[PDB]
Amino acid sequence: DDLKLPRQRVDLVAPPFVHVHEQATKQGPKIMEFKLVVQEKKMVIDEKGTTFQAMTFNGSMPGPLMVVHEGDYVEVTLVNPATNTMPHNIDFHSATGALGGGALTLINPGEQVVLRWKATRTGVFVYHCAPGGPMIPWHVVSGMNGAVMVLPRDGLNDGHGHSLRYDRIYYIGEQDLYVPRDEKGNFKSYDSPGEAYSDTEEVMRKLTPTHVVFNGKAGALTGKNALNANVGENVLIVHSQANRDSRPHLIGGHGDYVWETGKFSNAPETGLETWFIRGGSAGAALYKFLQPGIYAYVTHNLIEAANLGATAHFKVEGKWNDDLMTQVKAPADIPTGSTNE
């Protein structure tokens, strides 16, 4: 027992929600204990019911958000149940050494491993499976990616000496999928990940996804699963993309404070319309809602947003502010005396 710190077990929750944590803490460093269980399974990824052979951490795309503080140690038990068919591992972009931990975590079905990494770098970071060679992109675009947030012990700040505090946090994992089609253009189904591989790799090589989804499927965060907020709340939106660039935008809002490269040692940018998540990274945006109603959260390649699945909704309760925006005149016939050339 060389490392003599208190230990705290964390129970992960499914995205887009985040496990209970403190923003600012006066506790000293701890060993924060997390468990991730690999689950290979067929999953529905669009509104027409298209399936595909997914590979996940903890049964979700993305994998769950892990939250710790600068100077904590993160002790992760990775489990690969014997019902799975492939070896798996984990690479933390937050970690230092051994390919992020991938070189110390390769486990066959039936095995588990325990990795500890010190959280020396603040920000939001990707974690993903990376077995080796061509298996790396395949496992990641099959769903094996998530994120970790390493908060400063004093919480977030605006880079100019003022504390920032969120009222709510959501984790939006964006996934690019490469689903094979038959000669007629219909999506193909397979009985195992291994059976899907060869055809999937051919799609992957052309670098054009068939689907781009939030929380694992088209429409996952719309309708009854819209994200809730209230006028006045400061909401932190963490966005990850393990393989491909994204350009987040909150339709009808802004990013008040945006860390687009995702690292809290850098001052955020202010008042952004659209920001940029480079493939292989996580970023974060804070916004204080000023108006009630529906907001669409998109990647602002609108073809991807509307036609390949990458739209979420916020439903925001409160009172409308006519000073910020108003309909002066409702739709009406163009007046006869008008000249509109």
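Quick note: we count residues from 1 along the sequence shown, nothing fancier.
In this entry, the higher average B-factor at the C-alpha atoms falls on 160-168, of the pair 160-168 and 247-255.
For the pair 326-334 and 15-23, the mean B factor over Cα atoms is greater in 326-334. Of all the options 234, 83, 240, 261, the entry's greatest CA B-factor is assigned to 83.
The PDB entry assigns its highest CA temperature factor, among 143, 268, 185, 209, to 185.
In the deposited entry, the Cα temperature factor of residue 137 sits in the bottom third of values across the chain's modelled residues. Per the PDB record, residue ranking by Cα B-factor puts residue 122 in the lowest third of the chain. The deposited CA B-factor of residue 44 belongs to the lowest third of values across its chain. Among all modelled residues in this chain, the alpha-carbon of residue 303 has a temperature factor (C-alpha) in the middle third. Per the PDB record, residue ranking by Cα B-factor puts residue 295 in the middle third of the chain.
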